[PDB]
Amino acid sequence: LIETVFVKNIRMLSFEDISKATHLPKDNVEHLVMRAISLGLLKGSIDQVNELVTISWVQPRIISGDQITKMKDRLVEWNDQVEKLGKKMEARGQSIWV
Amino acid sequence: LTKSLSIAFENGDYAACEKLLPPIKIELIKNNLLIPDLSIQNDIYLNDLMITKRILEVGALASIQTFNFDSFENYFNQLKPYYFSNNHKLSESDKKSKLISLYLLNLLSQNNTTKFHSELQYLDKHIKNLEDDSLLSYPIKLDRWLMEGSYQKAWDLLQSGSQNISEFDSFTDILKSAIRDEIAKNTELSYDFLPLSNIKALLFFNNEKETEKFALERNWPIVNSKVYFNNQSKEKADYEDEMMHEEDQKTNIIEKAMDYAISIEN
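Protein chains in written order, with the entry's author numbering: chain O, 296 to 393; chain T, 7 to 272.
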């Protein structure tokens, strides 16, 4: 369960994904998320009425080779966001920067 | 020469008329020098102005039937200031009345309600009670029912127009099509689902198969007897969203702070 939550970039996952992933019935999902929050492996909330489990904290983990590559990707995308924004704001309001 | 054109119209070959008009256009230079170009009228001058008008008139009418827009607009353009000038002395005719009706029907067919209302102001005094409303009545009525948005009345007027056709059919056939596009627009905002029958009834098709055909041309899929207006409308907005004009028209909240500051500091 923790592996899947780490690599997935979205911070909410439906219960159906966990049930098929883990080869456990859906009854057993509620036990497992509960056991996990108590151990403190993960923190979050359980919504039965959207059938989501919302993680809000993940415990540090080793960062495999493959994963080092992933970080670079997320940061490259965020470079472009900073950069495109800065351009507009450099251009507009040229009159005053003093 | 000048009379050969007048008799060519009555013959019924309106293509003969058209081939003969480049020669008679040369003679139209002469008629123009005879009249002082609308700067004082006398009894020499009323005949001269009269001949000029006859040649144009059978041309106006011939062009309309042969769907030759250009010629009609020009000929008519001339007729308009001539008739407008002066006090009555022969500056109105039965031909005037017919010609203005046909003209107004072209404007309804292009769906240019902007010019139609303006054109009516220019025309106004002449058609108040000195040609009255007799044939001119046909577009006046027509404007009224589509403003109210009773499409039922409008539609009925065009079909019943069969007994009024004299060359009116060149605008009347078109004006059916215009009705179909206006209604088509409306029915999207209302609902997403209409049965087959209902689509035909509002849009006034006489054939159910022709209905489904029109739906493809209108870029609507009808599936299992139900329209699915849902597709294209959404698609169009997504397509509109990519263009270039585009930042200030869309309006960015970021831009609001930047514009406010430079005002002050100027």
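We put the beta carbon where it would ideally sit given N, CA and C, even for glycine.
Neighbour-count burial assignment, residue i, 16 or more Cβ in a 10 Å radius
i, result
"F199/T", "exposed"
"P145/T", "buried"
"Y128/T", "exposed"
"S359/O", "exposed"
"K206/T", "buried"
"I61/T", "buried"
"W161/T", "buried"
"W392/O", "exposed"
"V344/O", "exposed"
"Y266/T", "exposed"
"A243/T", "exposed"
"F78/T", "buried"
"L195/T", "exposed"
"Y197/T", "exposed"
"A263/T", "exposed"
"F235/T", "buried"
"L222/T", "exposed"
"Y245/T", "exposed"
"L152/T", "buried"
"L148/T", "buried"
"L380/O", "exposed"
"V377/O", "exposed"
"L27/T", "buried"
Residue i vs residue j beta-carbon contact at 8 Å
i, j, result
"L136/T", "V64/T", "no"
"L308/O", "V300/O", "yes"
"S269/T", "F177/T", "no"
"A21/T", "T72/T", "yes"
"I70/T", "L113/T", "no"
"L111/T", "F210/T", "no"
"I313/O", "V324/O", "yes"
"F82/T", "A66/T", "yes"
"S99/T", "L142/T", "no"
"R387/O", "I350/O", "no"
"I180/T", "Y157/T", "no"
"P227/T", "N213/T", "no"
"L85/T", "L105/T", "yes"
"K182/T", "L164/T", "yes"
"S390/O", "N272/T", "yes"
"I260/T", "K383/O", "yes"
"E24/T", "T8/T", "no"
"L327/O", "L296/O", "yes"
"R150/T", "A190/T", "no"
Within chain T, partners of residue i - CB distance below 7 Å
i, result
"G335/O", "Those within 7 Å of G335/O in chain T number zero; the least Cβ separation is about 41 Å."
Interface residues of chain O facing residue i [CB-CB closer than 9 Å]
i, result
"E261/T", "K383, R387"
Partner residues on chain O for residue i, Cβ-Cβ distance less than 8 Å
i, result
"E271/T", "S390, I391"
"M249/T", "The premise fails here: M249/T is roughly 18 Å from chain O at the closest Cβ pair, so nothing lies under 8 Å."
Heavy atom of the ligand GTP within 7 Å of residue i beta-carbon
i, result
"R306/O", "Of ligands this structure carries none, so the ligand GTP is not represented either."
Interface partners of residue i on chain O, CB under 7 Å
i, result
"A267/T", "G388, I391"
For this session: Mind checking the stretch 352 to 376 of chain O against chain T and listing, in chain order, the residues whose C-beta falls within less than 9 Å of any C-beta there?
Result: none
Problem set entry | Segment contact, 8 Å Cβ cut-off, at least three pairs: the stretch 23 to 40 of chain T with the stretch 48 to 67 of chain T | yes
Problem set entry | Contact the stretch 86 to 104 of chain T vs the stretch 134 to 148 of chain T: 3+ CB pairs below 8 Å | yes
For this session: Taking 8 Å as the threshold, find out whether the stretch 245 to 255 of chain T comes into contact with the stretch 358 to 378 of chain O through three or more Cβ pairs.
Result: no
Exercise. Can we say the stretch 198 to 212 of chain T touches the stretch 230 to 248 of chain T, given the rule of at least three CB pairs closer than 8 Å?
Worked result: yes
Problem set entry | Contact between the stretch 351 to 364 of chain O and the stretch 312 to 319 of chain O (3+ Cβ pairs under 8 Å) | no
Exercise. Got a sec: which bits of the stretch 153 to 185 of chain T sit with their beta carbon under 7 Å from any beta carbon on chain O, in order along the chain?
Worked result: none
Problem set entry | the stretch 214 to 230 of chain T: positions lying closer than 7 Å to chain O by Cβ | none
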